[PDB]
Amino acid sequence: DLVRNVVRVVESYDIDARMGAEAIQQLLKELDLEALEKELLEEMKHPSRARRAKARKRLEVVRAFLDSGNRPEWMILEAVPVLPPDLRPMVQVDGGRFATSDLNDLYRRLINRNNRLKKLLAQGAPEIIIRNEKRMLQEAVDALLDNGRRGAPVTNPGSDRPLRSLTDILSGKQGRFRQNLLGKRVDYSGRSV
Amino acid sequence: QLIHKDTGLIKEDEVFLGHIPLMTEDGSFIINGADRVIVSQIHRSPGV
Amino acid sequence: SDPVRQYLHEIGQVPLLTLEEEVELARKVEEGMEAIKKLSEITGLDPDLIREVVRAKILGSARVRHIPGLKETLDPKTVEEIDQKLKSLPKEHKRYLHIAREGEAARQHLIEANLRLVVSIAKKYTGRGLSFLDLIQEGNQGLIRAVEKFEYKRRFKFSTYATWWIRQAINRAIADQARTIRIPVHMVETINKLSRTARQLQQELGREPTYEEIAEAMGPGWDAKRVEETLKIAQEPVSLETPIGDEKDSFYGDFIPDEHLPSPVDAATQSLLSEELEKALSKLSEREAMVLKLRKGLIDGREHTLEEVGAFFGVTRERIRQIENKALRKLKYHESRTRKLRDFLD
Amino acid sequence: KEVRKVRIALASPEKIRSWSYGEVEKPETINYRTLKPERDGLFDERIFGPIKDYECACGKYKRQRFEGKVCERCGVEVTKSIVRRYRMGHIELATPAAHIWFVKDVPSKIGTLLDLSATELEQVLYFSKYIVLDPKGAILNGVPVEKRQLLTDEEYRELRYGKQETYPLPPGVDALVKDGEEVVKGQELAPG
Amino acid sequence: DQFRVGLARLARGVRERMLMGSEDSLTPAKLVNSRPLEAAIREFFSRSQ
Amino acid sequence: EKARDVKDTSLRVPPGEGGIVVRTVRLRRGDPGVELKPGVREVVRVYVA
Amino acid sequence: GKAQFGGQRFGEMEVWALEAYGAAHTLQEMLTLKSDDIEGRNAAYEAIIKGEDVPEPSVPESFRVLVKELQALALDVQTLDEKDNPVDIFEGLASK
RNA sequence: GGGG
DNA sequence: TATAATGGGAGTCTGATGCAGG
DNA sequence: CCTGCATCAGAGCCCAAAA
Ligand SMILES: Nc1nc2c(ncn2[C@@H]2O[C@H](COP(=O)(O)OP(=O)(O)OP(=O)(O)O)[C@@H](O)[C@H]2O)c(=O)[nH]1
Ligand SMILES: [Zn+2]
């Protein structure tokens, strides 16, 4: 206070508390999987049946990562992959019109929000604004990977049709497996009455 | 007719809302050159 | 669980400013900017670098990153080094450090207290191709611009100035991000003009206008041809996944052939063409085939015209044009017998 | 060699970057006039490969005698255009994001490892509640804050920024206390 | 039913235009944009099931 | 023979179809009463019985 | 479809028919040379018009699409040999 | 909506 | 770039499994 | 401990499929 000539100290702590996948990536990094196996094995020696049951389910995930060599923090994305363009084409149809894959609109949403987030950070926006931007980014990643899974399905404007995400492409009757992989259209074939 | 709830002003005009498709004599429609039919829909009647 | 509802609850946790409170925060931000300018002179630093260093300590350790334009990676080492030079100043110089810090603090509060204004402007701009929250975030971007440019001395309330910058930001956002094929902001303005114009024209005429009727209404420079070309440019692409039919089991992309990759017939043809072409330049002579083959290239495309041809064929320079003709001439005679190459003309 | 096996495993952010041929920096797709791809956008040839077989973008190097050259002017590799089906790009996120399969596929894989319920993992991931990495001796409502505790926003502000309140004084009424004065809860500041 | 939807959408345009641009120099012809109504009717006939 | 500037895109007859040409309608841009979708110079229709 | 000059759909149940008969090379033709195996189908046509027998098929292109789509989901799909070494089904085109 |  | 403007609008039936509750 | 109770992921093939 340069007017009152006093240094105020407002009671509060240097506490580290976070939100979002950034917080979680740290807690996943701060896992020593060897130790948690040890802990869960000691707990596996215990009555009430329920204690042994839950330590098993947990121990199966721990053991899964241990045998495989996968780090738990990989379940959190830093770099998001981009599928090659010929697999999400922008093609000129007969009429000179353009027809394009839904993945392009889902990627565009993601890229905009990421760019806006980079800009809001450099300009030192308040925590309320950076928080809103960060959660929208999660929702944009969520729609890209499995749309409709959590929350409202992302739609093109003025259409009720949910956009077709990576998960929808892989799975279902129309999915990659049951349409183009276990069966195909073929050459040297014909049909008649 | 436009009325101003604040003032008293009244301006009135006939505005163009676009076109509405007409039904032919036999009960069909012409939509972009192709003849079309609107099928009736059965459903639960409102009420209690 | 509802992202809009959640955000509405968070803004409602910052109380709105009193006329006094509004003027107080605005005042502190301006004085702080002046303080940073002065701190630059005294210290021999960069006003922006100082500002990011001052700003870093107010928000805390949470946000530390390289800032585009700053000369230093803005990591804890550099902000401690530079902050220690600022706190090593004499009392009369060091007073400006305290001013800058308090300027940044008030800026944060000023921004946060005006967030509800952005919502009330953005809600009116829905339906133009950006989601409500996308409009809020772009609207918030303008509000940040407005806080930095506000001059409190003019005695205007903050809401008046902010609204211009917020409206400006949303409208730029809609013009930049709404289209799969991005369009220059000025060109989008022209397209929207044609829309309004035609919409008036249709309201007086009771029917759709021609290209010519719109070209007249648009004034000089416009003919019917230019109105059409503009509309062609304004066409938005359509989804490959658009359903065809009431059964949910048909996509538009499935009716689209792949025109890029050669078909089996064509690929077969290209192999067969190369095989007849080499098996044809050798049935005259390999060497007169060697001179001609260099002048075009099988898988390379080596056609110049006169210079480059100076080097290794085997002869000097005008001569290669002549053996090009006898190679081409013997080929021409040799062609009438082995007329198998006629059919490759399609 | 012959394919005898197929393994599937998690991809590190390093490995995701090990695949990538470039970062897609812009939501742009293709240029509205030329119809060619926008530089650094989703279709950029500098990242994913040439549109035409053995031919670069600007057309300095147009045939297969060069395979592997990267044009100095426009930056595009000379190879088969088929590679636009194969080569991956990437987007570098400013803040990390959770992969929804490992969150919302029940019972959550992330949730089970960290001993976090379904409700809790939602609240941290979607910015409804804090989770504490280092209390630094904080204490709230008489009990010490322990690591991995969930705090609401109000709870966090009291810990992080301190607790305060502002009381309006009816216009013209003068306060019963002086500036700087220590005050107990319940003490009377003004007539109302 | 589709007509009623299209009419209500046009009303959104009316109420929003009765706030922006001067609370006086507006007639009914400038206040009404018929695009929502035309699309709803065209939407029903060209694409309803 | 110079490689021509244009290629043959002619409309033909699908496998298994065909008949007698009973009518032709040709619609260009710049003819009374007709304006096609943007970019389209002319539309030709052939009715085969 | 007939209007596109399409091929017939040989679906899940049709594959089962070929499987129960144990006709593996007939089935493999349906899955590769007669559909999306690009190197194979180009090569197979060239063989029939030259009087040679059709070549043994190569990797079907719709599997490569499947691999890349799982990579877009941040999953590492690796084809391995008997020695547990990676096998490259893109023939060097996607690696730097 | 239509064929087996 | 300057009257002031400060919290949104909207839609069946089956069986299996992992969860807060008398 | 056990039981209501929700949230989720399933629901036949091929052809026209008239956009
Ligand atoms: N799975 C399936 N089969 C169909 C469908 N529509 C027609 N069919 C065929 O229709 C056939 C019916 O044959 P029917 O004429 O009724 O044979 P049936 O038992 O001899 O009866 P009758 O001729 O009257 O004596 C079956 O063989 C089916 O395969 C369909 O939608 N799905
Ligand atoms: Zn080049």
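In this document, residue positions are counted from 1 along each chain in sequence order, independent of how the entry numbers them, and residues without coordinates are left out. Labels follow written order: the first chain is A, the first ligand is 1, and so on. Within a larger assembly, only the chains shown are considered here, and all values are given for them alone. The basis for every side-chain value is the complete set of non-hydrogen atoms in the structure, without hydrogens or water. Residues with missing side-chain atoms are left out of burial classes, side-chain pairs and their counts.

Undergrad: Give me the environment of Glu-28 of chain D: which residues, what numbers.
TA: Each helix corresponds to a stretch of at least 4 residues labelled H or I by DSSP, and each strand to a stretch of at least 2 residues labelled E; elements are numbered beginning at the N terminus. With respect to the secondary-structure elements, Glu-28 of chain D resides in the loop between α1 (13–19) and α2 (45–48). We classify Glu-28 of chain D as buried; its relative accessible area is 14%. Note on contacts: a residue pair is in contact if any heavy atoms of the two residues lie within 4.5 Å. When near neighbours in sequence (up to four residues on either side) are disregarded, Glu-28 of chain D contacts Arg-182 of chain C together with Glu-38, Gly-41 and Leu-42 of chain D. Remark: exposure states derive from per-residue accessible area (1.4 Å probe, protein chains only) relative to the maximum for the residue type, with buried under 20%, exposed over 50%, and partly exposed in between.

Undergrad: Describe in detail the sheet that holds strand β3 (residues 130–134) of chain D, supporting the description with residues and values.
TA: Strand pairing is assigned whenever DSSP identifies at least 2 bridges connecting the two strands. Pairing is antiparallel across the open sheet formed by three strands, whose spatial order is β1(A)-β3(D)-β6(D). This sheet does not close on itself; its edge strands, each paired only once, are β1 (16–18) of chain A together with β6 (150–151) of chain D. By the bridge criterion, two bridges tie β3 of chain D to β6 of chain D in an arrangement that is antiparallel. The residue bridging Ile-131 of chain D from the neighbouring strand is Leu-150 of chain D, located in β6 of chain D.

Undergrad: Please provide a residue-by-residue account of the protein's contact with DNA strand J, values included.
TA: Around DNA strand J sit 18 residues, and of these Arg-185 of chain A, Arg-36 of chain B, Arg-47 of chain E together with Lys-2 and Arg-9 of chain G come closest. Contact distances for DNA strand J include 2.5 Å between a phosphate oxygen and a side-chain N or O atom of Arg-185 of chain A. Whenever a nitrogen or oxygen atom comes within 3.5 Å of another N or O atom, the pair is scored as a polar contact, on the condition that within protein one atom can donate a hydrogen and the other can accept it, and that pairs from neighbouring residues in sequence are kept only if both atoms are in side chains. A distance of 3.0 Å separates a base nitrogen of DNA strand J from a polar atom in the backbone of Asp-249 of chain C. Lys, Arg, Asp and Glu make up the charged group, whereas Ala, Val, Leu, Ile, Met, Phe, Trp, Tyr, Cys and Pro make up the nonpolar group; the residues left over, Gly among them, are polar. Among the residues making up the surface near DNA strand J, the classes are represented as one nonpolar, five polar and twelve charged. Definition of nearness: a residue and a molecule or strand are near each other if at least one heavy atom of the residue lies within 4 Å of the molecule or strand.

Undergrad: Any details on the domain arrangement of chain C? Residues and values, ideally.
TA: When the parts of a complex come together, some accessible area is lost, and that lost area is often taken as the interface size. A domain assignment, automatic or from a database, supplies the domain bounds used here. Each assigned domain of chain C is listed here: domain 1 (1–179), domain 2 (183–236) and domain 3 (262–343). A straight line from the C-alpha centre of domain 1 of chain C to that of domain 2 of chain C covers 41 Å.

Undergrad: How would you explain the sheet that holds strand β1 (residues 238–239) of chain C if you had to name every residue and give the values?
TA: Backbone hydrogen bonds are what pair the strands of a sheet, in a parallel or an antiparallel way. As summarised here, the arrangement of the three strands in space is β3(A)-β4(A)-β1(C), forming an open sheet in which the pairing is mixed. Each having just a single partner strand, β3 (90–92) of chain A together with β1 of chain C make up the two edges of the open sheet. Two elements, strand β4 (residues 98–100) of chain A and β1 of chain C, share two bridges in a ladder whose sense is parallel. Directly across from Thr-100 of chain A, in β1 of chain C, lies its bridge partner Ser-239 of chain C.

Undergrad: Help me get a handle on the pairing of strand β2 (residues 76–82) of chain A, residues and values and all.
TA: Most of β2 of chain A sits inside the fold, with six of its seven residues counted as buried. Where β2 of chain A and strand β2 (residues 89–98) of chain D come together, six bridges link them in antiparallel fashion. For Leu-77 of chain A, the partnering residue across the bridge sits in β2 of chain D and is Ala-97 of chain D.

Undergrad: Please give an account of the coordination of the zinc ion (ligand 2) that cites residues and values.
TA: Only N, O and S atoms count as donors, using a 2.8 Å cut-off from the metal and 3.2 Å for Na, K and Ca, and because water is excluded some sites may appear unfinished. Protein-derived coordination of the zinc ion (ligand 2) comes from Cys-56 of chain D (SG), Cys-58 of chain D (SG), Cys-71 of chain D (SG) and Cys-74 of chain D (SG), at a distance range of 2.4 to 2.7 Å. Taken together, the four donor atoms coordinating the zinc ion (ligand 2) and their angles of 88 to 120 degrees define a geometry best described as tetrahedral. Angular criteria define each label, namely tetrahedral for four donors with all angles between 85 and 135 degrees, square planar for four and octahedral for six donors with opposite donors over 155 degrees apart and remaining angles between 65 and 115, and irregular for whatever fails these tests.

Undergrad: Report on the protein's contact with DNA strand I, specifying residues and quantitative values.
TA: Residues and elements named next belong to chain C. Taken together, 31 residues lie around DNA strand I, and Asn-114, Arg-116, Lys-157, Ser-159 and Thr-160 are the ones closest in. What you see for DNA strand I is that sugar and phosphate hold 44% of its atoms within 4 Å of the protein. Contact distances for DNA strand I include 2.7 Å between a base nitrogen and a side-chain N or O atom of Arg-116. A distance of 3.4 Å separates a sugar or linking oxygen of DNA strand I from a polar side-chain atom of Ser-120. Elements represented by at least two residues in the surface near DNA strand I include exactly α1 (3–11), α6 (115–122), α7 (132–149) and α8 (158–177).

Undergrad: Which residues make up the nonpolar core, and what values go with them?
TA: Grouped together as the largest cluster of nonpolar side chains are 128 residues, with contacts concentrated most on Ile-24, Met-75 and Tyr-107 of chain A, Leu-143 of chain C together with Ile-110 of chain D. Looking at which element gives the most residues to this core, the answer is helix α5 (residues 127–145) of chain A, with nine residues. Domain assignment of the residues forming this core places at least three in each of domain 1 (1–179) and domain 2 (183–236) of chain C. The contact partners of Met-75 of chain A, leaving out residues within four places of it in the chain, are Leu-28 and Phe-65 of chain A together with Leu-10, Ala-98, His-99, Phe-102, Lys-109, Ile-110 and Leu-113 of chain D. Grouping buried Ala, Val, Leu, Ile, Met, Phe, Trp, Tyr and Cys residues that are joined through side-chain atoms within 4.5 Å yields what is termed a nonpolar core. Residues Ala-17 of chain A together with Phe-127, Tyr-130 and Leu-140 of chain D belong to the second largest nonpolar core, which totals twelve residues.

Undergrad: Can you tell me about the interface of chain A and chain C, naming the residues and giving the values?
TA: Contacts between the two partners involve 41 residues from chain A and, on the opposite side, 51 residues from chain C. Buried area counts how much accessible surface, traced with a 1.4 Å probe, disappears from two parts once they are put together, with both parts' losses summed. Carbon and sulfur atoms make up 54% of the area that chain A and chain C hide from each other, which totals about 4,000 Å². We define a salt bridge as a side-chain nitrogen of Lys or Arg found within 4 Å of a carboxyl oxygen belonging to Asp or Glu. For the interface between chain A and chain C, the tally reads six salt bridges. Taken together, the elements giving at least two residues each to the side of chain A that touches chain C come down to β3, β4, α4 (102–122) and α5 of chain A.

Undergrad: Would you mind going over the arrangement of the chains in detail, with residue names and values included?
TA: Contacts are most numerous, across the eleven pairs of chains in contact, for chains A and D. Nothing in chain D touches chain F, and the closest approach of their C-alpha atoms is 14 Å.

Undergrad: Which residues make up the UniProt feature "DNA-binding region" in chain C, and what values go with them?
TA: UniProt positions are given in the numbering used here, feature names are shortened, and annotations may be inferred rather than shown by experiment. Per the UniProt record, "DNA-binding region" is annotated on residues 306–325 of chain C. Regarding residues 306–325 of chain C, the helix share stands at 35% and the strand share at 0%, and the terminal C-alpha atoms are separated by 15 Å.

Undergrad: Describe the pattern of salt bridges, and please don't skip the residues or the numbers.
TA: A pair can form between side chains of opposite charge whenever their charged atoms are brought close. Inspection of every chain in the model, using the stated rule, returns 79 salt bridges over all chains. The shortest N-O distance in the salt bridge between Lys-87 of chain C and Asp-83 of chain C comes to 3.4 Å. Of this pair, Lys-87 of chain C and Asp-83 of chain C both sit in helix α4 (residues 76–87), four residues apart, which is roughly one turn of that helix. Linking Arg-182 of chain C and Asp-176 of chain C is a salt bridge whose minimum nitrogen-to-oxygen distance equals 2.4 Å. Look at the salt bridges and you will find they share partners, linking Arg-113, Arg-116 and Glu-133 of chain A, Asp-134, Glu-138, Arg-172, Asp-176 and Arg-182 of chain C together with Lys-26 and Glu-28 of chain D into a network.

Undergrad: Mind laying out the packing of α5 of chain A against α1 of chain C, listing which residues take part and the relevant values?
TA: Close contact between α5 of chain A and α1 of chain C brings their axes to 11 Å; oriented N to C, the two are set at 170 degrees. The orientation of α5 of chain A with respect to α1 of chain C, classified from their angle, is roughly antiparallel. Residues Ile-128, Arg-131, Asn-132, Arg-135 and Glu-139 of chain A of α5 of chain A lie in contact with α1 of chain C, whose contacting residues are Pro-3, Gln-6, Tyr-7 and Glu-10 of chain C. Looking at the contact of α5 of chain A with α1 of chain C residue by residue, the class counts come to three nonpolar, two polar and four charged. For helices, the fitted line uses only the C-alpha atoms of the stretch in contact; every axis is such a line through C-alpha atoms, and the angle between N-to-C directions lies from 0 to 180 degrees. Working rule for angles: under 35 degrees goes down as roughly parallel, over 145 as roughly antiparallel, 65 to 115 as roughly perpendicular, anything else as oblique.

Undergrad: I'd like a rundown of the interface of chain D and chain A, residues and numbers included.
TA: Taken together, the contact between chain D and chain A spans 75 residues of the former and 71 residues of the latter. In this assembly, chain D packs against chain A so that about 7,300 Å² is buried in total across both faces, 67% of it on carbon and sulfur atoms. If you look at where chain D meets chain A, you find nine salt bridges. The closest approach of N and O atoms between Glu-23 of chain D and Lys-118 of chain A, which form a salt bridge, is 4.0 Å. Applying the counting criterion to the chain D and chain A interface returns 30 residue pairs in polar contact. Put simply, the parts of the chain that give the side of chain D that touches chain A at least two residues each are β1 (5–10), α1, β2, α3 (101–104), α4 (109–114), α5 (118–125), β3 and α6 (153–161) of chain D. No other element matches the ten residues that β2 of chain D contributes to the side of chain D that touches chain A. Taken together, the residues of the side of chain D that touches chain A sort by class into 43 nonpolar, eleven polar and 21 charged. The pairing of β1 of chain A with β3 of chain D spans three bridges and is classified as antiparallel. Directly across from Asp-16 of chain A, in β3 of chain D, lies its bridge partner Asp-134 of chain D.

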